């Protein structure tokens, strides 16, 4: 049947406490946002790698005879209400969204 090259794990996250923002700083993630007198809990759908090597040689199916590989998590950016040592603001934060295979040549 069909299976990815890198095994992946997805979960809805409703209790996030810190995240790295687009500018690289660590920021605190607030839990509920009120947008116009009504509140929302902030949720993030994240997908992570289950393993950098789901198989001993790296990613599944790769041609190991020529290639080296491992799986790695890639990120999107989602704006969220956050706060830092001085200011609460909507900021863009890095969220984990996929597990992909990266290759290079064996020598």
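Residue numbers count along the first chain shown, from 1.
Higher mean CA temperature factor between 24-32 and 40-48: 24-32, per the PDB entry. As recorded in the entry, 86 carries the highest CA temperature factor of 94, 91, 16, 86. In the PDB entry, residue 64 places in the highest third of its chain by CA B-factor. For residue 107, the recorded CA temperature factor ranks within the highest third of the chain's modelled residues.
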